[PDB]
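One chain comes next, on its own, written out as structure tokens in the form deposited in one PDB entry.
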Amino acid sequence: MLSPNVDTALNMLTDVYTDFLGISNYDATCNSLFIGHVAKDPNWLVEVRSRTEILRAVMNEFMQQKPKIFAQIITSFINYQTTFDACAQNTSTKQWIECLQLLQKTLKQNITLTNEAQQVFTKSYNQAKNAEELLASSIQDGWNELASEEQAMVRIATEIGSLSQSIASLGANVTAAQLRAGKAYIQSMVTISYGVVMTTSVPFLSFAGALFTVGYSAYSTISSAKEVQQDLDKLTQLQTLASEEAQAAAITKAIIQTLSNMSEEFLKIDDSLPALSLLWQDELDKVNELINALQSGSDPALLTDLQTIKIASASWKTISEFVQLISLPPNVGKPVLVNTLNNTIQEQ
């Protein structure tokens, strides 16, 4: 069997796709991030605005490799099935070896370019972790000079984090049985726009992120979610007990706190990509053992991996068809703005 376990293979394809999606919008979250000014506009805030400008720029290196690496792993399974069908036909023993080492070269290329793809993410993880700690340290200075309102500020930062996590629960989980069955996902950008109030309202921060829905619209699931409306209303109450700076201090801490948790989804790549590289690796171990057996003079008939090649190519066709589905660009739903200084939920 010159093919992997199609069930175990398609899960590892989904796990590197899942870890791509959860990462591919950490960029979009970073570009969408906006930070305006407060009343006095103290030092830590001017400092925070600057360090988000470099957080956006720190990720610009990986941001332009994400579509390259993804298409590189998509095409690695599609092209491999193409050259594999060339060798499943039957017929000289010399011809089998010439065909096998064509796979052996392509296999070697695929495992190499996979392990190099894993190092690009490991660098952008530490880069994202670096620019985060700068923001974390920078807001922390604003916290300490506003310590008389710590309890008031912990509640505001905890509510913004609760609001963000309840909108995250409405999102569909991307699995293998879903994608193999042809079910199409919908990616919609959810802008949450915070602000700082004082008898009125003033806009301030606004960051965005993707929500995955299976069949309904993103607006439908959010406006009809009651947990979202209970976090939205609780926040309005909390942002009236704290001063102008304390609100901005509490808001920014929670945006960073979600960025930190968002970035920790990078670490799952350090388990999914190597498992994908291992998929090619012990697949190369199969074609190596067959070449050695042919070169040593074994009758090609008595090599079971060679007889059962028609069932092997049929399994590669299933894997190639699974990769052609996740390669399609996701359906773009209508974006929805969750405006927290108005308790309003529109759809743009």
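Residue numbers here begin at 1 and follow the sequence given. Take the two forms, find the largest set of C-alpha atoms that superpose within 1.5 Å, and that set is the rigid core.
Asks: Counting only residues that lack coordinates, how big is the gap in the deposited sequence between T240 and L241? Pick none, 1 to 3, 4 to 9 or 10 or more.
Replies: The entry has no unmodelled residues between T240 and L241.
Asks: Got a sec? Mean C-alpha B-factor, which is higher, 178-186 or 205-213?
Replies: Mean B over CA atoms: larger for 178-186.
Asks: Look over 196-204 and 244-252 in the entry and identify the one with the greater average Cα temperature factor.
Replies: Comparing 196-204 with 244-252, the higher mean C-alpha B-factor belongs to 196-204.
Asks: By the CA temperature factor listed in this entry, which of these ranks top: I309, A28, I35, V323?
Replies: Within the set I309, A28, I35, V323, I309 shows the top C-alpha B-factor.
Asks: If you rank the chain by CA B-factor, which third does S50 end up in: lowest, middle or highest?
Replies: Within its chain, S50 is a lowest-third residue by C-alpha B-factor, going by the deposited values.
Asks: Ranking the modelled residues of this chain by C-alpha B-factor as given in the entry, is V6 in the lowest, middle or highest third?
Replies: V6: CA B-factor falls in the lowest third of its chain.
Asks: Relative to the other modelled residues in the chain, which third contains the C-alpha temperature factor of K94: lowest, middle or highest?
Replies: According to the entry, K94 has a C-alpha B-factor in the chain's highest third.
Asks: Quick check for you: using the entry's CA B-factors within this chain, is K68 in the lowest, middle or highest third?
Replies: For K68, the deposited C-alpha B-factor lands in the highest third.
Asks: Sorting the chain's modelled residues by C-alpha B-factor, tell me whether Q140 ends up in the lowest, middle or highest third.
Replies: Its C-alpha B-factor, which the entry lists for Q140, ranks in the lowest third among residues of this chain.
One more form of this protein exists, namely the form deposited in another entry; it is left out here, but the text below deals with it.
Asks: Please determine whether the C-alpha atom of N339 is displaced by 2 Å or more between this form and the one not shown following superposition on the rigid core.
Replies: No, the C-alpha position differs by under 2 Å between this form and the one not shown.
Asks: Superpose the two forms on their rigid core, then report whether the C-alpha of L33 is displaced by 2 angstroms or more between this form and the one not shown.
Replies: The answer is no; the displacement is under 2 Å.
Asks: Align on the rigid core first; then say whether the Cα of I269 has moved by at least 2 Å between this form and the one not shown.
Replies: After core superposition, the C-alpha of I269 moves 2 Å or more between this form and the one not shown.
Asks: If the CA atoms of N342 and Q229 move by 3 Å or more in the other entry, do they move toward each other or away, so closer or farther than here?
Replies: Here the pair is farther apart than in the other entry; there, closer.
Asks: Closer or farther: the C-alpha atoms of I269 and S164 in the other entry, versus the form shown, with a change of 3 angstroms or more?
Replies: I269 and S164 sit closer together in the other entry.
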